[PDB]
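Undergrad: piece number one of the complex, untouched:
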Amino acid sequence: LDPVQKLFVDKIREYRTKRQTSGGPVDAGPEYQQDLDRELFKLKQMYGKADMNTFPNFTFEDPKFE
Amino acid sequence: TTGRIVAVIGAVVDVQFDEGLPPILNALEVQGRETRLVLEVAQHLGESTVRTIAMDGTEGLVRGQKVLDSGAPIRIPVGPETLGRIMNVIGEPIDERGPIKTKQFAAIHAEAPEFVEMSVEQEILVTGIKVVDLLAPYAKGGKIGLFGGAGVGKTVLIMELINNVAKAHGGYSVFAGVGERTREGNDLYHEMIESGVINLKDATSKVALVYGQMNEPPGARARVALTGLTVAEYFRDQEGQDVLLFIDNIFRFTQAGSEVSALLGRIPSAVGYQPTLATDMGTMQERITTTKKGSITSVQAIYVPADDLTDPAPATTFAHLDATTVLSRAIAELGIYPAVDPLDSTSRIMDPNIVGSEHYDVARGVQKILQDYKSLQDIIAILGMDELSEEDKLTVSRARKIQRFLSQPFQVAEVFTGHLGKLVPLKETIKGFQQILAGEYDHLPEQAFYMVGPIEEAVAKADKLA
Amino acid sequence: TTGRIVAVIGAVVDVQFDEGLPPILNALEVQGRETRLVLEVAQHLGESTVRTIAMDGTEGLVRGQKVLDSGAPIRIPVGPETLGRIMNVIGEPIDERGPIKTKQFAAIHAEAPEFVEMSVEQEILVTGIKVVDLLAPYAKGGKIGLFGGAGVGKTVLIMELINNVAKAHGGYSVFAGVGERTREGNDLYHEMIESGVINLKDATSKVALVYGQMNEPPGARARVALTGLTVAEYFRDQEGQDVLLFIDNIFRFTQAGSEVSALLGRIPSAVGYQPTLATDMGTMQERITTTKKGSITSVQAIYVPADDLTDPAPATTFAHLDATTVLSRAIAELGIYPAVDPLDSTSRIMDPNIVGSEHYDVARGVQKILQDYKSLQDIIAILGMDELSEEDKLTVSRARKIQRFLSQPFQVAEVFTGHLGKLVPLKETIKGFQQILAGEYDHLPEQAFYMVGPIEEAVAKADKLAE
Amino acid sequence: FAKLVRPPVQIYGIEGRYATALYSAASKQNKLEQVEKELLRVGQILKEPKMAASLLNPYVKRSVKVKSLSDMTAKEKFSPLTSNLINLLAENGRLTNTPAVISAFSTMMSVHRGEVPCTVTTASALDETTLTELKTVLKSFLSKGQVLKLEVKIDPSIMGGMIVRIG
Amino acid sequence: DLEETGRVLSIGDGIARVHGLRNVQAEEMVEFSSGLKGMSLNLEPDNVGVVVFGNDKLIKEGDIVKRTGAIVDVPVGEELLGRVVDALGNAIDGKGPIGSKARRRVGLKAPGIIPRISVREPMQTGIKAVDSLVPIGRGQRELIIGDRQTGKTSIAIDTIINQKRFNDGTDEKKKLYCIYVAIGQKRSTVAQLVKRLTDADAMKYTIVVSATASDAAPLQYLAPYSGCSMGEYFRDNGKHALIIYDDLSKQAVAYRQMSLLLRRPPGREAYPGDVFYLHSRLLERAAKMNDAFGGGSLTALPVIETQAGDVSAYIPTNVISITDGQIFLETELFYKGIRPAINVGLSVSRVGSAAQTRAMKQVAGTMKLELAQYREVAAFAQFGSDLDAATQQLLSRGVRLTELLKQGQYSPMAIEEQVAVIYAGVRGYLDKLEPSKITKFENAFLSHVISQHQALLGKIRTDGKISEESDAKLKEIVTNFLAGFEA
Amino acid sequence: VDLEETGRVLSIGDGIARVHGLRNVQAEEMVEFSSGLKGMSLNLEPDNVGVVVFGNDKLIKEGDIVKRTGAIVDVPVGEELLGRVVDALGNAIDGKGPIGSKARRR
């Protein structure tokens, strides 16, 4: 609506509804989710697969003085 | 909405659509079309008239005849169900195998993705052909243009590429027979079937074939490329794909455009060539990429127009080429399938700054050596190897091993190679030639390297002899 | 009378005059464009509409705008105060020191002076530079076109001439920097300024500069030509003067004409040209002359597109000339400056008479040897040597010495060359080559002959080049 | 020749190159209005085929088409220079084109001083407006009609789309 | 509302015959309905032949044409130093939009004589070969010429990297703000490129005006003018600018094409004639200014990629005649691997001396000439057979020196390094060595000084110039170092 | 009448009949002239029909009634022209009288 901020309201209460759903704003739904699932997985492909919610730890060694 | 035939001057069909003029690129299916004759809005000439293009044939263009806006550009199947299937331009079984259905159909105008949206940084698609990767590094999302001796198992090779790549890599394939010989595609059809690269039994081939052969009118022939693209983007992004896009033969694109331009009241610039040549080209080129997800890598059969490449068109093309392929009879003659002359298998982006230096160097050593050996082919042609020293003997021999070693047998043309083919990962590949360079296998049989994919099987093979 | 701009399709300004059209060519002042927008009536398009031309550009124009006829064609300041100044078409201070306050005004038009009112047959103006005079002697008051690809030291060369000659010359000069790089003109300016010939203390100089740079909208470049003419004419006749008229570049002028030709709603031409090229030129070149009242030796620099001469425009050009300096891109390309193709740079004006036969002959032998010599050059080029004639060898070499002997470095521009190698007063010139004709020199070097001056010194250099 | 006279609207000429003739012609002699009405008349006096459709029929000889279509008939009271211009458009085949000249014309003594701004719905409605003053508002009030979503929409009139248009 | 609007009179071919808005201020970029701007180039009476920014696919006719009422300007500022924009100075970077929100008419002209000031400048490339043999001063329009990213492009980078030293130095003249007008250069090309420049972080003092191989033709076309407007800002705001136009070949193409599509002819080579004016108008605006302009510069590096070395090629001829020289690069040499690859014979600064750096000049000035001969006998003489040692040496030496003018791409230098390695050859030290070792030498030679003769470098740097003394120190370096360098 | 299934020869240059009418015309229909003579209607312009005239302009003159036949050509086909020299109507010139082919095929 064009007391223009009412079009922000027009949007905004549907943000209010959506964010005042769950996930914050959802209704994006499973189709979004398969899309996510690929790129979120695909990310891991570039990027390695382990402690993306914990700390990775590492190791230190030598072959020989060739 | 409706159009009238208001003027036919050929397939420039002056249509007056009078319920507004839907934006240029909108596909209309003309009503009264037995021969479902799609017109694409090209210009809004005004007068509620558009100039439109038949991408189809005509007659019975009983004037004023009714034309229907599809409300969109031409919509064509997108979705995976195209693989193994041959559709015409207008996305319809010319496999003649009933519906090449998909799930989603797409209006086929869809152009030039944002520079940021690419992984702006692209990466070799591994072919596995030693020579291939080596000499022309093939980029995911890239345009590689295939100049090449005729019928030499261009196709054979290609089929094999599908096998190694579209199989071994997640590579899918699109074959866009743009203006190709319907017949060769027929032949090919059988060949593909035959090769098994296409399969019917299951249509879970890696390739959807799209043909918009000579039979098409230019707009159609021209346009079968966007269509093919439209799918390939589908797979690319959606199926995340590394799509292999065989666009066969781009020249026919150029040709199709160029033709129309004049008539199209467009100055078809130099050489006749459509003034937009580049833009046509560009808009199209920008659709060929590793986006984020997926790459549309364009494997471009490139007819060498007038064998001329300064040839404005090719000049433009150069811009569009990361890696350039000339397939070579010279090589072929050597029984070497690959028939690749490697000197014409480059990527402009060669450098050690770019194509990095062992590869490059080994290669540098190789092009050089082989040539040098070739210098010796002239020299030896006179002096004989007797008058050259072992580093020459060596080089010759190595060159020769290498020579053979580029030969990799073929499952397909067991007729050309003599047998079933292989696959060769790069590390092994470069290592392979590097190894030959180390002269390791003495000059224990070199004909061993003939038609062996990986270098080892030859080393082993040298032994079975020795 | 007033028009309102009715169509602007670029600087082709269509003005529909709402009443009386003054004849074609009236300079109009646009009512609004304070960006002193002279429109020159070009056509009476019909129904009180004229095609007029902006000299200028256009952004901001409201389709509408009122135009008031300046009631004449261009009036320009004339007289001597234009000497030592940069004038544009309108004689504005591109000196940028304020006006070029004259008495006299001018229609930048001027026409061809009567044939009888001309001088009928002129007399040689020697050209100093050995090669040059020798093969192309000029006429005092002559029109010389210097075909040459611009900027190859082409331009340098002209300057150098100016240096030698324009310096050597007294009278006055008119310099038109048309279409050339403002940058070079800037330097040049300062250089003249510096020279003080562009007197920094005379409004005059001895030289007037008129500019119609590339970056301009066409009309300006185009028309500066008439302007420059008007002035020089002013000086020639009125000041009775031996004017030197330097033009760089008529090529850009011609080009300017051609460019418009289309836009002018006319057909362009072959290669796009102005099909009126000839009339334009004929009339223009005939505006040029050395009459009795003065003489304008006009040295007209000619950029020759892609050096194509064949290229109709230059084909035409030739008519206008009576001395052509055809520069060989190849020779230039050999670095060899002199770079000319002199069997293409011509004057019939070389004479056994006028230039005396010695010179003349010496030249004829030269022209000849060389002319033969090229012919082979190619054959032999791939067709190597000897199972042949070595007398030819002698000429070849000789030709080469001579070749080199034409070369003189850009004396002044040590920045470009680092080298000096001087000017050769004519007898010494004749002598020089003649001596080579005497071929005594021949056991000697080759680059001795290269980039020098007086054959004596060259010889000296030969010896020296012989360590 | 003459000198330029052009009633308010005025026009662009071109199929009104004639209009403009009479935008000077009618105007001059100031049977401006005589003809102004003539034209109006003509419009439907025109509109039916006959000796008019005659032209279409290529094969009817323009020569005598004028003497039929305009001889008895278009001079029925359309004459002054009006038949002559008829007979000109006639020659000059601008007869099928004539409506547009009227259109063009007719914004002329009234509508000559029309109303333009492009304004939602049934937008302007060629009238008259005096630019120094507002005239706008008034009009709007008059009505509480038109169609404005179907007719010109909240996207123009107030951006329904724009909020979409930023993203 | 639609208050004063106009209807697209016709559309086809991206040429919008526009009815109305009639009193359009000339070369107003106007706005159509479609968001799309166009600029109302052509005022025909009954319509406006409108060059369309963006493209005609979108378009539907009768559509509202709104004045934008604005004459083409492009944003100007400096926050673009640190940014990639499209030609309209709108981002494409996707970082959101540039802080540069000033706009400036691209409709501007090249200053006069008095405003301008001639060169006497150096302008350092860090490409030895370049600053030496085609010595560079600031303000200059000079042709970069080479054949299909033959490292052509690479060059621009090394220079830019060299300007790093200035912008990362504090330069008051050498602080060259780079404006990279990317013409036609595919998104990949650019994307790629940019990625590097940013890496070169040179992006910070750098505008990238971007016309990739996607643009509407006027856009590609426009891009330089955009750049043109901006660079003059720096120039004139004393700041010292560098513009790379890469390349006008494409721009022109678009432009001709644009004409052609406008069914306006061209001339020669199918190209219209005042494309000369195009480049002139464009390029003359690159200049070296007087002090009124803060003295600054817009140094113009147009790039034209020869097509098949062809330059007689009208438009190349044009550009060549405008440029005060060309750097032609010997592409086969590039391909021989020779990077730089130069066709130095075909690389000229007619200028020469106003554009050089004394440090270098002291070895290089002299060298250039000496090389003139080496090269001369590299070419002149040409057999199997030997001459004398002098020349034989010159060839050998020369050849060594040839390596020196190479520079494995993306590795420019500050003046002393260049001079340093050069000293080694000029002054006879490495005639000796071989190419294989030259390259090695240099590496070592640099680490040697890097470590050690930092003093000296210090000096050379200081004076901006060599001293015999420094030389004497050098003399020692080379000799000794040379000895270290092998053994 | 028709400017539908007949047309008046709008213009005739010389063998190009711009034909006024015929406006329902198929693309590529062969038409027949009032002179018998066929032509084929390639360009259906609203205003004319560019008709390639299978005849000459000395054989007629304008406004002429051009009638649709309504046909796009087929020519007799069969397999007994074996012997024949024909005109390309798939009808003789052999002067054997007719052909053997009485089926026609596009």
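TA: Received, thanks. Numbers count the residues shown, from 1 in each chain, chains lettered A, B, ... in the order given.

Undergrad: Confirm for me that residue D:89 is in contact with residue D:97.
TA: Yes: because the distance of 7.2 Å satisfies CB atoms under 8 Å, residue D:89 is recorded as touching residue D:97. Every residue, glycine included, has its C-beta placed from N, CA and C.

Undergrad: If you count surrounding residues, which of the two has more?
TA: When residue D:89 and residue D:97 are compared on other CB atoms under 10 Å in any protein chain shown, the one with more neighbours turns out to be residue D:89, at 18 against 13.

Undergrad: residue contacts, the more buried one?
TA: Shown in contact with residue D:89 (CB atoms under 8 Å, 6 or more residues apart in numbering or on different chains): D:18, D:95, D:97, D:98, D:101.

Undergrad: from those residues, which is closest to residue E:193?
TA: Distance ranking of these against residue E:193, using CB to CB, places residue D:97 first at 57.3 Å.

Undergrad: Would you report the backbone torsion angles of that closest one?
TA: When read as degrees, to the nearest 10, the backbone of residue D:97 gives phi -120, psi -20.

Undergrad: ditto for the one 3 residues further on
TA: Dihedral angles of residue D:100 (phi, psi; degrees, to the nearest 10) stand at phi -60, psi -30.

Undergrad: which pair in the contacts of residue D:89 spans the largest distance?
TA: With distance counted by CB to CB, no two of the contacts of residue D:89 lie farther apart than D:18 and D:95, which are 10.8 Å apart.

Undergrad: Can you report how many residues lie near the residue in chain B that chain C sits nearest to?
TA: Here the residue of chain B nearest chain C is residue B:267; by CB to the nearest CB that distance is 13.8 Å. A total of 24 residues lie near residue B:267 under the criterion other CB under 10 Å.

Undergrad: Name the SS class of it, please.
TA: Recorded secondary structure, residue B:267: coil (DSSP: H, G, I helix; E, B strand; the rest coil).

Undergrad: Can you tell me how far the nearest residue to it once chain neighbours are set aside is from residue C:262?
TA: Nearest in space to residue B:267, with sequence neighbours left out and distances taken as CB to CB, 6 or more residues apart in numbering or on different chains, is residue E:260 at 3.9 Å. According to CB to CB, to the nearest Å, residue E:260 stands 12 Å off from residue C:262.

Undergrad: ditto for residue D:83
TA: Distance from residue D:83 to residue C:262, by CB to CB: 43 Å.

Undergrad: Chain G comes next; put it on the structure above:
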Amino acid sequence: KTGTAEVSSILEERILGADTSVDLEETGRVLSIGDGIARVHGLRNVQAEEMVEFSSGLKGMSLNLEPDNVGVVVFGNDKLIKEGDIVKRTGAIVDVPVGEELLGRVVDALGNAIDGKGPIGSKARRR
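TA: Next up, chain G placed on what we already have:
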């Protein structure tokens, strides 16, 4: 033609058919002019390739006998003229002075002096 006199001024009177009635037949008004091409309205009755005579005095010639106007190559200036200028027929194509007194003479192509030997005599004129 299809614009001019379909548009006013020119047209604007033809309407009436009052505008000399029309004439311009042994007269012309320069219909449009530019550039030595006087499209001259009228001169209507004309010979072919008639040399015509100008209000600027000058000649031009009516080669192109158009149904409206005359393409007149004006053999010279445009800075004299401004439109509508009256062109008077001569009823006559060029023939040129010929004679034998031209022997001994430099004339312009008009067969008029330029010789500045004063004038020539014209004995004959001849096609």
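
Undergrad: ok chain G is loaded, check the neighbour count of residue B:267 again?
TA: Other residues lying near residue B:267 total 24 when counted by other CB under 10 Å.

Undergrad: Pull the contacting residues for it.
TA: Residue B:267 sits next to B:261, B:275, E:257, E:260, E:261, E:263 when contact means CB under 8 Å, 6+ apart.

Undergrad: Run a quick check on the second one versus residue B:266, I expect a contact.
TA: Read it as residue B:275. Yes: using CB under 8 Å, residue B:275 makes contact with residue B:266 at a distance of 6.1 Å.

Undergrad: Can you say which of the contacts of residue B:267 are buried?
TA: Restricting the contacts of residue B:267 to buried positions leaves B:261, B:275, E:257, E:260, E:261, with burial counted as 16 or more other CB atoms under 10 Å in any protein chain shown.

Undergrad: Would you check which pair of the residues you listed lies furthest apart?
TA: Taking CB to CB as the measure, the buried ones among the contacts of residue B:267 span a maximum distance of 11.0 Å, between B:261 and E:257.

Undergrad: got any residues that touch both of these two?
TA: Residues touching both residue B:261 and residue E:257 comprise B:267, B:275, B:276, with contact defined as CB under 8 Å, 6+ apart.

Undergrad: As CSV, these with distance to residue G:29 would be great.
TA: Compiled in CSV, the shared contacts of residue B:261 and residue E:257 are given as follows (distance: CB to CB, whole Å):
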residue, distance to residue G:29
B:267, 39
B:275, 43
B:276, 47
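
Undergrad: Out of the residues you listed, flag the one nearest to residue F:24.
TA: Using CB to CB, the shared contacts of residue B:261 and residue E:257 come closest to residue F:24 at residue B:267, 35.1 Å.

Undergrad: what's the longest helix in chain A?
TA: Under DSSP state H, the helix in chain A containing the largest number of residues is helix A:29-47.

Undergrad: now it, how far from the centre of its chain.
TA: How far helix A:29-47 lies from its chain's middle: 9 Å, per CA atoms, centre = their mean, to the nearest Å.

Undergrad: thinking residue E:207 is in contact with residue E:86, fair?
TA: No: proximity of residue E:207 to residue E:86 does not meet the contact threshold set by CB under 8 Å, at 11.5 Å.

Undergrad: Can you name the residues that contact the residue of chain D found nearest chain E?
TA: Taking CB to the nearest CB, chain E has its nearest neighbour within chain D at residue D:118, 3.8 Å off. For residue D:118, the contacting residues are D:124, E:1, E:2, E:3, E:4, E:5, E:64, by CB under 8 Å, 6+ apart.

Undergrad: I appreciate the help and will end here.
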